[PDB]
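# Examining the three-dimensional arrangement
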Amino acid sequence: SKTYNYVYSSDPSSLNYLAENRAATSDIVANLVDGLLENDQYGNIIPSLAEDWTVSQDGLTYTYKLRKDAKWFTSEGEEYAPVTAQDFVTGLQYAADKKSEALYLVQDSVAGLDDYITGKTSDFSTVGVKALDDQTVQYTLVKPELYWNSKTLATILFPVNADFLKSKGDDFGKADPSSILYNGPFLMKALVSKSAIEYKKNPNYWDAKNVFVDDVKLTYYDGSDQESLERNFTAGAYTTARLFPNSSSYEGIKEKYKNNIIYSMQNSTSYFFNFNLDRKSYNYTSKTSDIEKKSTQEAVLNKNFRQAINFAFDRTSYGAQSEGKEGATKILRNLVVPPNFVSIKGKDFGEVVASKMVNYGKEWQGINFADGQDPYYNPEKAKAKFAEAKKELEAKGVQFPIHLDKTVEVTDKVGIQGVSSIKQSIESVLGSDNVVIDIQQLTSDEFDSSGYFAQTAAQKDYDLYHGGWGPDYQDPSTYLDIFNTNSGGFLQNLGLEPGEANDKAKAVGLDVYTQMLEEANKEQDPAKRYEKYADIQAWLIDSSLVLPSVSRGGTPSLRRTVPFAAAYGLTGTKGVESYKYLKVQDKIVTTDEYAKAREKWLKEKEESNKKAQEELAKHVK
Amino acid sequence: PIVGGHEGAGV
């Protein structure tokens, strides 16, 4: 048998793929539960549980034919029941009943669903998902969505068996392998907190022929032993290893692996800093008085202040802390929407956003949003913005310096160097009599409960947050909706709760942002629609409510995985997340071999995508 | 979905 061995860092809060919007859950369930469609190696959307599908000529009705040989299994591998179309009716109703955190993906798209979720109706037979027979699911939409099929790669549209769901009650989806059923490539054999995630190939999976590893073992990695990755790889214990050029170890490693260091491409997951606009929890702070806390509360609502932070934040120095001097810029991402995520009459989205920035102020003149460079850092612009902020804020009684708390895990040595760099650059440019970045080193429980796994905005315990978004479907709105005041998935990280915008949301203009989103969403012509979302992204950059930082990818590794064997997806959770298709080999891949494989994949991908787009028309009813 | 983990795009 063959085995993939590496590491993981995020324990899931649950396995509830219908209720969670955290990647800590979907990164796991991607390997355990299939939906209607999935990805091939080229980012095409291809059959999964659905062997075929059609869309009506008006674009409102999608019908899917489920393959007859797909079954549910228990975590121990026993057969439970065949997958049926009713499981998709059950899944959507459960997501609605449980108020899933990812409901924005469907609540405004599926006919009747918003009425059902909000209690206007009580009858799920009025909602636009139907099992026409055991093999046929039909969805009915409120308006056409060319990106609807890409949404089926997100877990809120995955199926669940109603008898299992009822049998399990509130035990369904807990962090225990027996809490869900399995119809995907793997069964979950071990899920041990701060220790291990282990998968075993399901030999009875409908597509077992495309699963080339029999075992996947992930060891918990808390960040305190970055050298262990290469150490275990060289000892034959890991299949891959991320390299850390800053380390004292790197000298000899690059000697030993001169011809094996491989750099990945930057991908569509985007990270950014944001501010806590309505902080309620001060368990982790270096502020000693209520006047300091109210001063920071006022500062983060001031646009000039946020812009000053933005221009003072040296992205190159930050990237260098994990990538080294040479590679510091390889991970930089300057928009939330990746610059080539869509195009508008051949022009990349990011070049359209760039063309719209000077309109928002002359401080943006010449800005370039391409990946892999820092267009923000500018000490003279930062100091000028801060001087205007300070006059506005001082008149409100605000006291300086403004203290900003940033958390980091105490074991996360590389992360600690990263946040140290942000402290150094901001304070160097603006002056530590004006701004102080207070780093709070937290235990795992402290770090989880104050940030990523906090369950309410009031529990967020920081002034500055560094999080990110992985796209759920193929449209700029997957990213840009996350700050909307009605239902934005990233509102709680800004200290705001979805619902009516409060005075702090209105102070920073997120109500206007939300109205812009609603108007852009009405556009169905892709070029016009994307241009409206480009305006929205430009507004957001100018607001400096996010400070774009880095992407995933762009990092050095050693590898015994086969290049470009795994699925790839621009959006959704059935590409790199899945260990289906992935292959392992005996030879450590060389840089030259990887580059030859990459150029081959890049060329095949364009050809493959063009044929996939031609195939689309055959599916129109 | 929401992505977290360590600091930035950390392991």
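This entry, as listed in the PDB, derives from X-ray crystallography and reports a resolution of 1.6600 Å.

## Details of the domain arrangement of chain A
Frequently, the measure chosen for interface size is the accessible area removed from exposure when the parts meet. Residue and element names in this part refer to chain A. Structurally, chain A comprises domain 1 (34-176) and domain 2 (270-301 + 338-348 + 392-551). If you average the C-alpha positions of domain 1 and of domain 2, the two centres end up 32 Å apart. For the pairing of domain 1 and domain 2, the buried interface totals around 870 Å² over both sides, and the portion due to carbon and sulfur atoms is 58%. The largest share of the area that domain 1 buries against domain 2 comes from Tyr104, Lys143 and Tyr147, three residues that together contribute 54% of it.

## Some details on helix α18 (residues 526-543) of chain A
Residue and element names in this part refer to chain A. Helix length check: α18 (18 residues) gives 25 Å between terminal C-alpha atoms against 26 Å at 1.5 Å per residue, within 8%. Across the 18 residues that make up α18, a large majority, 13, are buried. The positive-phi residue at the C-terminal boundary of α18 is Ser544, with phi of around 55 degrees.

## Examining the pattern of salt bridges
Residues and elements named next belong to chain A. As enumerated under the stated definition, the model contains 35 salt bridges over all chains in all. We note a salt bridge from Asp461 to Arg279, for which the minimum N-O separation is 2.9 Å. Taken together, the residues span a long stretch of sequence, with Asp461 in the loop between α14 (444-450) and β20 (464-469) and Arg279 in the loop between β15 (270-275) and α8 (290-299) at a distance of 182 residues. In this structure, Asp461 and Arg279 share a single accessibility class: buried. With a closest N to O distance of 3.0 Å, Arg279 and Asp463 form a salt bridge. Of this pair, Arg279 sits in the loop between β15 and α8 while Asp463 sits in the loop between α14 and β20, placing them 184 residues apart in sequence. According to the relative accessible area criterion, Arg279 is buried, its value standing at 4%. What you see here is one network of salt bridges that share partners, running through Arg279, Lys287, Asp405, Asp461 and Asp463.

The rules behind the values
- Numbering of residues starts from 1 on every chain and follows the order in which that chain's sequence is written, so it may differ from the entry's own numbering; residues lacking coordinates are left out.
- Chain letters start at A and ligand numbers start at 1, both assigned in the order the entries are written.
- For the side-chain quantities, the full set of heavy atoms in the structure was used; hydrogens and water were omitted.
- An automatic or database domain assignment is the source of the domain bounds shown.
- A quick way to say it: buried area is the sum, across both parts, of accessible area lost when two parts are put together, with a 1.4 Å probe.
- A run of DSSP states H or I qualifies as a helix once it reaches four residues; a run of E qualifies as a strand once it reaches two. Both are numbered from the N-terminal end.
- One fewer than the residue count of a helix, multiplied by 1.5 Å, yields its expected span.
- Exposure is judged per residue with a 1.4 Å probe applied to protein chains only, and the accessible area is read against the type maximum: over 50% gives exposed, under 20% gives buried, and values in between give partly exposed.
- Salt bridges are identified by distance alone: a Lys or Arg side-chain nitrogen within 4 Å of an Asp or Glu carboxyl oxygen.

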